[PDB]
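For reference, the structure is listed below as C-alpha cells.
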Amino acid sequence: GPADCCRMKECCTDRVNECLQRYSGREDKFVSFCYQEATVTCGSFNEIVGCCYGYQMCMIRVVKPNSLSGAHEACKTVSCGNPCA
Amino acid sequence: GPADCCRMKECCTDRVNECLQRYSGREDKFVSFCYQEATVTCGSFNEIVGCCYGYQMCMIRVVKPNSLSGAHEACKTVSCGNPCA
Amino acid sequence: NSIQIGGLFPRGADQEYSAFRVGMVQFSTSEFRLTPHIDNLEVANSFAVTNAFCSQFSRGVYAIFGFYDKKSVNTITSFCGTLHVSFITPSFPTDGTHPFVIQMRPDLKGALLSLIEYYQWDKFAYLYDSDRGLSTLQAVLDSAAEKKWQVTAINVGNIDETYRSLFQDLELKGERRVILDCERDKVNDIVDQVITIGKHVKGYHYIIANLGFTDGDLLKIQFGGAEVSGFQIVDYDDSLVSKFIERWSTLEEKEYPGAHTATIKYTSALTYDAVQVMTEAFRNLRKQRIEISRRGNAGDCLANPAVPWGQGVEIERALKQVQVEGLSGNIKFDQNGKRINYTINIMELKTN
Amino acid sequence: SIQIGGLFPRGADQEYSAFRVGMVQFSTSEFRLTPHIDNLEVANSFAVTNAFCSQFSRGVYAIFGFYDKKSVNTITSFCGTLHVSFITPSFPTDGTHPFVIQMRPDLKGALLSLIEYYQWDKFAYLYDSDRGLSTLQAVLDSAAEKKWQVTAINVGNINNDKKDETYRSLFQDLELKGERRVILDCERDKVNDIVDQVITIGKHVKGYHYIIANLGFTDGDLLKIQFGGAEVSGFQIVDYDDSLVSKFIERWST
Amino acid sequence: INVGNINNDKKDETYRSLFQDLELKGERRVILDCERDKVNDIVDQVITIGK
Ligand SMILES: *[C@@H]1O[C@H](CO)[C@@H](O)[C@H](O)[C@H]1NC(C)=O
C-alpha cells in the first residue's frame, strides 16, 4: 500500500550496491544493469526513471574496477533528482 | 540544482512541525495551513500534492489541541504516498 | 667452556630435527659446541610440555629450543617468563609481549593485508582454523572494519558437504576471492575438496597465508586455472641457500631423514637459522668476557617461590642482540623477541 | 571429612563469599567438605600449574576453581592426565575435555536465537579477549549463513589510560556507518565502561538497540542507561522470582 | 519553573516529570538560572533521560 520515496531510495542504493558485489572487477560495466535490478526490486514511481536516477548517474560516472565500496559510499548520499519525469 | 524527494520529505515534516508550534490549542485546525507553508518552502514535485501528502493526512487525522509533539513524532515516519499524482 | 641446550621435537618432526643436526654440525666453533638434549613429545599436550620443560630446566640447561601448539604455548611463555629460561622456536608468533622467548618466525600480518590491498580486494572470504591462533583473524577483522571490507570468516578447523555448501553460496554471491589461513595439511585438504567439486575454475583467486607456499606441493592447482598467491620466507636463488641445498640434497637419507629433497620446509629452515642464532649468541657471550656458567643447581621448577637464575637474563639479551644472515633472510629481533627487518617474498603460481 | 581444592583468582571475593555460604549451607552431619583455598594469578599458567600440583600432592579428591584463556589448557590437561575432577563457573571449553565439570551454561545458542528474534540483518559486535573469540567465531559463522553484516571490534586491547578517547572514536565511526544495533560481549566491568561512554556521547536515546551478551544482565548497574530511551536486552541465568533464589537473597542480603 | 523547592528525596522523579511536561511543550531551548550545584543536578538529570 504505502510507498515512500525515501525508503525506496535507501532500498534502491542498497540493492544496487548489493548487486554490484556479484560482478566485482567488472562493476563499471554493470552499473546500469544492477540499477535496473534495484529499480525492479524496490519499485519505482516512473518505470523509465527508476528508483534513484541521480544515484545511477553518479555511480555509472564514478565506479571503476574494484573501486566499488568507495564509489557506492560516495554516491548513496547524492540527490535522487525528480522521480516523476 | 537537483532536488531530492527524501531531503524534501525531512524538510517537509520539520517545517510543518515548526509552523504548528506557532499555533497552540488550535493546532488541529491549522495543520493543513502549516502543510502548505512547508510545501511552499521546501518545494514540491506537484504543487497540488505538496512535499509529503501522507504526512499531512496522518497529521490532520491525528493532531489534537496541545497534542502536537506526539502527533508529529508519530507522523514523520509515515510513507509520503506519491509526489507525482 | 662448553654449553648445554635442550631441544624439543614433536613426533613427526623428522626433517626439522635433521636440519637441527645439520645446523649443529655446520655452525661449530672449536672453543665451544652446543650440547643438545633432545626430547620427543606431543606438543599439543600441555602436561607433557610442562613436564618436558621442567625436565630440561632441572638438567641445568642454558637455553631451550622447541615448538608449541595453541594449547601449550601459554605454558611455555609463562614458564620461561617465570624461570627466566630462554626459548627459541619456529612456531607461530605470539600475540603480546613475551619475555625470554625468541620467535624465529616473522609476522605474516603486514604482508597479507598489504597483499589484500595490492590485489584491491574490497570483498572476500577467509578460511581459518584454530591451530596457529586467531591473531591474524583479529587483524583482518580490524582492518576490514577500518577499510570497510566485506570479509567472511569461516572456521574450517571444526568440521565435506559443508565445504560444498559454503562454496555454493560463494558462487551465488559471486565471491571468487578466498584466503586460506591454515596448516599445510588443512590447506591440502581444502584444495582437494575444491578440485573435487570443481571450484578451482577460472575467476577464482586464492591466497595461501603461510611462509610455506613453495615448500608444499603446488602441483594440484597448477593446472586448475585459478590464480593463486602466496608467501615465501626462503629465497632458493640466494648463494647461502644455494650452497645449503647443495650440501643438503647430497645427504644420506640413512643419517638425516627427508634431507635428500631439493627443497626444505620453512619451519625446518627456521630450525637451522635458530641453531645459527644460538651459536652467535653464545659466541657474543664468551667474547664479551661475561662468564655464563650456572651458579647453583636449577632445582625443582615448581619449587615455591620460583628460583630464576639472574645471569640467565644476560643470555636472553645475548640472543636478542644477535643479527645474522641465515636461510630465512636477515635475522634481527626487538626487545620483545619478535623478528624485525625481515623480508617476505610475495609469490604467484602461474603456468610455468 | 572430604578435602577439596579451592583455587580462587586474585580479586575473587563475592565468589569466595558465596563459596563459604555454600559450604555452611550444604555441610551435612554425614561429612563436611574441607576446602584448601589457593589465591593466585589465574592468567599465569606457571602459577596455576604450581598451585594445581600443590593441591594434588596434598591428596585432594576434587578441585574447584577458575581459569583464563591462557591457563585453561594447563588445567584441562593436568586434570585429564592426573584424573582429578575440576569444577568451575568459568567459560565452557570449545571441545570435549574429560575430568572437567563446567558450571556455566553455553550462551551461543541463546545469543544467536535473540539476534534472529529481533531480526537483525546488520549490526555491530564488540568482543575482546577474556571470554574467548568463540562466541565471536560462532556469530561470524552464523552471520555468514544468515547474511548478517557483523562489524567485529576488539575492545580488549584498549588500555585503561587511553580508553575514553578511542571509545568515542570507534562509536563515532559506528554512528557514521549508521549502525544502531550493537552487541556487547564482555565482562560486567567492560560493559559498564562501554555503557558509560554510550551515555556520555548520548547514544542511549531512542532508536538505539543494545544487547548485553553477559549472563547476569541484572548483576551490573543498568539504572543509568534505563531512562535513556534506547532498547536494551540481556540474558539472566539466576531467576530472582524463584523461591530458592528469593530465600537465598533473604539470607544473603542480611 | 521554580526548581529550588524540589525535595531532595523526590527530586529524581520530579525532574523526570517536569522534563516530560517540557517535552510535551516541545521545548528544546532551556535557560538554567541556578547555583552551580543545582545546575549540576539539572544537567545530570538531563543526561540520564538523554535530553
Ligand atoms: C629495521 O626495522 C626497523 C623497525 O621497523 C625499521 O625502523 C628499519 O627501517 C628497518 N630497516 C630496514 C632496512 O628495513
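Bear in mind that the values in this text are calculations on the coordinates, not laboratory data. Methodologically, a virtual Cβ is constructed for each residue, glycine included, from the backbone with ideal geometry; neighbour enumeration extends over all protein chains shown.
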**OP:** Would you kindly work out, in nm and rounded to one decimal, the distances from the label point of A:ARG26 to those of the same position in each other copy, ordered shortest first, with label points 7 Å along Cα-to-Cβ?
**Re:** 6.5
Original post:
In the structure displayed, which of D:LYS163/E:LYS10; C:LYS109/D:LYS190; C:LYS71/D:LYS247 lie more than 31 Å apart, Cα to Cα?
Top reply: D:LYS163/E:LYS10; C:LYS71/D:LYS247
Subject >> Extreme residue, positive dipole direction of chain C, given options C:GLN311, C:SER58, C:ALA139 (C-beta unit charges) >> reply: C:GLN311
**OP:** Could you point to the residue in B:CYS52, D:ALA152, C:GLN288 farthest towards the positive end of the protein assembly as shown's charge dipole, with +1 and -1 charges on the Cβ of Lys/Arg and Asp/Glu respectively?
**Re:** C:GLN288
Subject >> Value at 222 nm in deg cm²/dmol, rounded to 500, when DSSP H runs of n ≥ 4 in chain A each add -39,500 (n - 2.57) >> reply: -17500 deg cm²/dmol
Subject >> Reachable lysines, given that their alpha-carbon falls under 27 Å from the alpha-carbon of B:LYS9 and they are not under 8 places away in the same chain >> reply: A:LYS9, A:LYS76, B:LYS29, B:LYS64, B:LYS76, D:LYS122, D:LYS177, D:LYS203, D:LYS206, E:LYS25, E:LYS51
Subject >> Cα extents of region C:224-352 along the three principal axes, largest first (Å) >> reply: 61, 35, 33
Subject >> About the Cα centre, charge dipole magnitude for chain C (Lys/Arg +1, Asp/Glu -1 at Cβ), debye >> reply: 800
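First select every other residue whose beta carbon is under 10 angstrom from the beta carbon of C:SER328; then total the charges, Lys and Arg +1, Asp and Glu -1. It would help to have the intermediate numbers written out before the result.
Numbers: positive: C:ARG105, C:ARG339; negative: C:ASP235, C:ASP273, C:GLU325.
Charge balance near C:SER328 sits at -1.
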**OP:** Quickly estimate the mean residue ellipticity at 222 nm for chain D, helices only: each DSSP H run with n ≥ 4 gives -39500 (n - 2.57), and the total goes over all residues, rounded to 500.
**Re:** -12000 deg cm²/dmol
Original post:
Could you state the number of Å between the C-alpha centres of region C:215-237 and region D:168-233?
Top reply: 47
Subject >> Residue-averaged 222 nm ellipticity for chain C, from DSSP H runs of 4+ at -39500 (n - 2.57), nearest 500 >> reply: -11500 deg cm²/dmol
**OP:** With a ≥ b ≥ c taken as the square roots of the eigenvalues of the C-alpha gyration tensor of the protein assembly as shown, please select rounded if a/c is under 1.5 and otherwise prolate if a/b is larger than b/c or oblate if it is not?
**Re:** oblate
Original post:
Going by Cβ distance under 4.7 Å, what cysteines of the protein assembly as shown have no possible disulfide partner?
Top reply: C:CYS80, C:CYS182, D:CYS53, D:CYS79, D:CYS186, E:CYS34
Subject >> Packing-based exposure ordering (other Cβ within 10 Å, fewest first) of D:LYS147, A:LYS76 >> reply: D:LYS147, A:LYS76
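Filter the trypsin sites (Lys or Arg not before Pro) in region C:1-89 down to the DSSP loop ones having no more than 10 other Cβ atoms within 10 Å, then list what survives. Walk me through the intermediate numbers first.
On the way: sites: C:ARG11, C:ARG21, C:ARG33, C:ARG59, C:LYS70, C:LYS71; in loops: C:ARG11, C:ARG33, C:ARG59, C:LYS70, C:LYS71.
Of the trypsin sites (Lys or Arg not before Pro), the ones in loops of region C:1-89 whose Cβ has at most 10 other Cβ atoms within 10 Å are C:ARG11.
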**OP:** Write out the GluC sites (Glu not before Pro) in region C:1-66 meeting two conditions: DSSP loop, and at most 16 other Cβ atoms within 10 Å of their Cβ.
**Re:** C:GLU31, C:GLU42
Subject >> Charged-residue dipole, Cβ positions (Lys, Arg, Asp, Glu), the protein assembly as shown about Cα centre, Debye nearest 20 >> reply: 700
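Treating only the Cβ atoms of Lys and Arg (+1) and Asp and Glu (-1) as charged, compute the dipole magnitude of chain A about its Cα centre; round to the nearest 20 debye.
Numbers: 9 positive and 9 negative charges, 41 e Å.
Around 200 debye, computed over chain A.
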**OP:** Would you please state the base-10 log of I(q)/I(0) at q = 0.14 1/Å for chain E, with intensities from the Debye formula using one equal scatterer on every alpha carbon?
**Re:** -0.32
Original post:
What is the sum of charges around B:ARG7, taking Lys and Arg as +1, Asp and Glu as -1, for the other residues whose C-beta is under 11 Å from the C-beta of B:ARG7?
Top reply: -1
Subject >> Translational diffusion of chain A, µm² s⁻¹ [Kirkwood Rh, Cα pairs; Stokes-Einstein; 10 °C; 1.306 mPa s] >> reply: 128
Original post:
In straight Cα distance, which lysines are under 23 Å from C:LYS199, not counting same-chain residues fewer than 8 positions off?
Top reply: C:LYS123, C:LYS173, C:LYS186, C:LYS220, C:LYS350, D:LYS146, D:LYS147
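Which of the trypsin sites (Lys or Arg not before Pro) found in region E:1-34 are in a DSSP loop and have at most 13 neighbouring Cβ atoms, other than their own, within 10 Å? Intermediate results must be reported in sequence, preceding the final value.
Working: sites: E:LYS10, E:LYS11, E:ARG16, E:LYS25, E:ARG28, E:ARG29; in loops: E:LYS10, E:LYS25, E:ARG28, E:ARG29.
Answer by residue number: E:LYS10, E:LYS25, E:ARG28, E:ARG29.
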Subject >> Euclidean distance between Cα centres, region D:44-66 to region A:10-57, Å >> reply: 63
